[PDB]
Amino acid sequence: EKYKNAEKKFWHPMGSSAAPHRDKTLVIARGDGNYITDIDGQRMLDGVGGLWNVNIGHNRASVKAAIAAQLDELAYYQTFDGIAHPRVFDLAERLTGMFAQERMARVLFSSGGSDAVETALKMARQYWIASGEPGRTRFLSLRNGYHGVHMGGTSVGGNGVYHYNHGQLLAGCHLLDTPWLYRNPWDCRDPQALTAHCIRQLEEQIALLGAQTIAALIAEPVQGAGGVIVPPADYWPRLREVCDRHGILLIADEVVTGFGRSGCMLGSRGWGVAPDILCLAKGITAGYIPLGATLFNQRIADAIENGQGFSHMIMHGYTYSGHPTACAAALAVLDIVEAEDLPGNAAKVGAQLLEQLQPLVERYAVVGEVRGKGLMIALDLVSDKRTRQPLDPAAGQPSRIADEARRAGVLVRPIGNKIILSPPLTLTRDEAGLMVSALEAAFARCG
């Protein structure tokens, strides 16, 4: 109506602010189920699921009803020292129940994934102080890992584009190579050998720093924004092994994988591993209300709550920690996740979608490989297949392919040289077929 031509007074995250690029906009006006409609009336399948978070689809009546009911009762009250409200009790019980297998004991709520990560990092340090080991302060993380954009989360991030414009951040953060078969420093194409390489490097890094100086390691069970990097099956079991050997806390960044996208209620659980700390957001409310959560296992909960002196004071949290309306939405969302077995649907429909996309590798030289697990999938676009040289996004080919997919009726997300598929976990087989058709059309014209 007026959004096509007006000057833009906000900035898009993860994009150029330069004109004329900044003048261009795709304005989404409504969402229903797994389809979204722009201001011109053009409808498209939500192949990006909002931002890997609208996992139950748009406009679920039961979630809207839960929100409205809580607004009528208590939209907001704080949860600071000694004060709380029913919904934060309800959700904390629910989450610790859902993750009893991992022995999760306490939750610290927030409003997003960057919050949940920042919380894990800060509280990991407090765990060690409360335990009498204040020298345990350094953090380990993986190349291509993405953990939000707070200064702590950014410090442990493994992609340079998020660093270049912000100077020196947290010291004592150390990066390990990721077990990425398609691109790794050893050109190692054997998953088991690659795991062995990464674990040896990890041990050598720990030996170099001294285990007694390392607080925690943080990693995504499947690395999302870094390019949907699916680790070898034995990597996470060995991550847990190394952490146990040296007492280091294992932080699973489950912001994307939490609540079913990779085929299991937790990505780490999918690999047969129990972390010490869980970071959750995105799918926890399916995007309806901002919410994040950091969960701590009994080991951590007991140490902090029994800390001497000031070490048991938890001087960290947010005005909106435990927001009643966000909690009410999460409770309704999680009911749907479990009721409709969306982790199982993601595993099944995701496996089909991955298989049906493999012909693209054959047919188009620019498609280096297609990888995924559940309903997170990446098309890794390269200029030639020997060195795996990524296309440069500034040349615009990934965006043009995406544009053509949108014209074919499916919205997908280009991140760097990769096309990311992360649709709602309610995706059906027919809708998966529509995604394949739109993508084949896009590469046919712009590949």
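The first residue of the sequence shown is number 1, and the count goes up from there.
Visitor: When the Cα temperature factors in the entry are averaged, is it 75-83 or 355-363 that ends up higher?
Guide: Result: 355-363.
Visitor: In the PDB record, does 29-37 or 391-399 carry the higher mean Cα temperature factor?
Guide: Per the PDB entry, the higher value belongs to 391-399.
Visitor: From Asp253, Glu338, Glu118, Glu203, which pick has the Cα B-factor that tops the rest in the entry?
Guide: Result of the comparison over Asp253, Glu338, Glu118, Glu203: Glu338.
Visitor: By the CA temperature factor listed in this entry, which of these ranks top: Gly97, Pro221, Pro134, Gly247?
Guide: Going by the entry's C-alpha B-factors, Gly97 comes out highest.
Visitor: Would you please rank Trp271 by its C-alpha temperature factor against the other modelled residues of its chain and give the third it falls in: lowest, middle or highest?
Guide: It belongs to the middle third of the chain when residues are ordered by C-alpha B-factor.
Visitor: Lowest, middle or highest third: where is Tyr318 by C-alpha B factor in its chain?
Guide: It belongs to the lowest third of the chain when residues are ordered by C-alpha B-factor.
Visitor: Going by the entry, which third of its chain does the Cα temperature factor of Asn165 land in?
Guide: Its C-alpha B-factor, which the entry lists for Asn165, ranks in the middle third among residues of this chain.
Visitor: Looking at the entry's B-factor column for C-alpha atoms only, identify whether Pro13 ranks in the lowest, middle or highest third of its chain.
Guide: CA B-factor rank for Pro13: lowest third.
Visitor: Divide the modelled residues of the chain into thirds by Cα B-factor and specify which third, lowest, middle or highest, holds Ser383.
Guide: Highest third.
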